[PDB]
Amino acid sequence: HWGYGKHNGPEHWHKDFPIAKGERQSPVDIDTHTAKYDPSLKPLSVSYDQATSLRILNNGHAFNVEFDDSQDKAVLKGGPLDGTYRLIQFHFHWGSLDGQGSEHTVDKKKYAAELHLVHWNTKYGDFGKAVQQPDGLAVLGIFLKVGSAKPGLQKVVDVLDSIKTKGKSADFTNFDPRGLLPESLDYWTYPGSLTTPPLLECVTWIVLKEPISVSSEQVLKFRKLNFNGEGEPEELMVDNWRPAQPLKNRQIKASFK
Ligand SMILES: [Zn+2]
């Protein structure tokens, strides 16, 4: 029964998930002045042309857009990564107000939301095995700011009414995740964790420098989702973000000067 409330939020997670206080937890603040440019980091290779979206699910903490990950259809490679990482799902974290919502921060700045495109290392055969490995996952993190609408997001926004409450799913085929990517793929990278329980320390984080813009109407629709199931007391799905964790013995690397 973890969540984001006063009684079960991030500050409580360590009681069930002691790794919450571990050595490579996420998110973190990205101090831009202290990140080191690593000229040997390769451009990212985002290969989403053959992506097969399947479904959208309200899981009680976010909504996941799920993909067919039984073949190499939508993959991430390059950058800091060795090998091939398959897209399994994406989801967002967002706030109750435009001035908060992101998990990572940049020089302590919070964005309105943050997109996580979750990928697993094919050498481990499935997602459940991958999360047990220190190089099991690669998560592409993209900040959202409120301004102009993002046309490539609208198909997501419009289905949200069909998955208002926990446990609801809807068919969500033919969605192209390339419509959520900013122009630049410049990034920061560091080793970290899942930002929700079980908080496993299996993620190579790749956080893009350039945010995408979404409209006030689009983010407002995120905030009309519910944490609860249908016929349970309505609790708006807002502020589903974990705050920055200690960096500890990690260095954040930048792909760009
Ligand atoms: Zn996430």
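Assorted remarks:
- Scanning the stretch 197-220 for residues that are under 21 Å from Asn58 (Cβ atoms), over 18 Å from the mean Cα position of the chain (by Cα) and in contact (Cβ under 8 Å) with a residue 12 or more places away in the chain yields one hit, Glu217.
- Within the stretch 126-163, the set of residues being assigned to a loop (DSSP other than H, G, I, E, B) and either buried (at least 17 other Cβ atoms within 10 Å of the Cβ) or within 16 Å of the ligand (Cβ to nearest atom) (or both) comprises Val131, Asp135, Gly136, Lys150.
- Considering the stretch 67-104, the residues that are surrounded by fewer than 24 Cβ atoms within 10 Å (Cβ to Cβ) and within 13 Å of the chain's Cα centre (by Cα) include one that is farthest from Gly147 (Cα to Cα), namely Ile88.
- Index of the failed condition, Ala170 passing every other in (1) of a type outside the set (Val, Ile, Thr); (2) assigned to a loop (DSSP other than H, G, I, E, B); (3) touching a strand residue (DSSP E or B) at 6+ places or on another chain (Cβ under 9 Å): (2)
- Any hit, the stretch 185-196, residues being assigned to a helix (DSSP H, G or I), surrounded by 15 or more Cβ atoms within 10 Å (Cβ to Cβ), under 15 Å from the mean Cα position of the chain (by Cα) and within 16 Å of the ligand (Cβ to nearest atom): no
- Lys123 meets each of the listed conditions (1) surrounded by fewer than 16 Cβ atoms within 10 Å (Cβ to Cβ); (2) in a strand (DSSP E or B); (3) among the basic types (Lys, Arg) apart from (2).
- Among the residues of the stretch 174-191, those that are closer than 15 Å to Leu144 by Cβ and touching a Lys or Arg at 6+ places or on another chain (Cβ under 8 Å) comprise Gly179, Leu180.
- Of all residues in the stretch 76-89 being touching a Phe, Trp or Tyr at 6+ places or on another chain (Cβ under 8 Å), farther than 13 Å from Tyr124 by Cβ and not basic (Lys, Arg), the one that is farthest from the ligand (Cβ to nearest atom): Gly79
- Each residue in the stretch 102-116 was checked for being assigned to a strand (DSSP E or B) and near the ligand (Cβ under 10 Å from one of its atoms), and 3 pass.
- Counted residues, the stretch 1-16 - those being under 11 Å from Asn240 (Cα atoms), assigned to a loop (DSSP other than H, G, I, E, B) and not aromatic (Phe, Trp, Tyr): 3
Here the Cβ is made from the backbone with ideal geometry for all residues, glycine too, and neighbour counts use every protein chain on show. Laboratory data are not the source of any read-out in this text; all were calculated from the coordinates shown.
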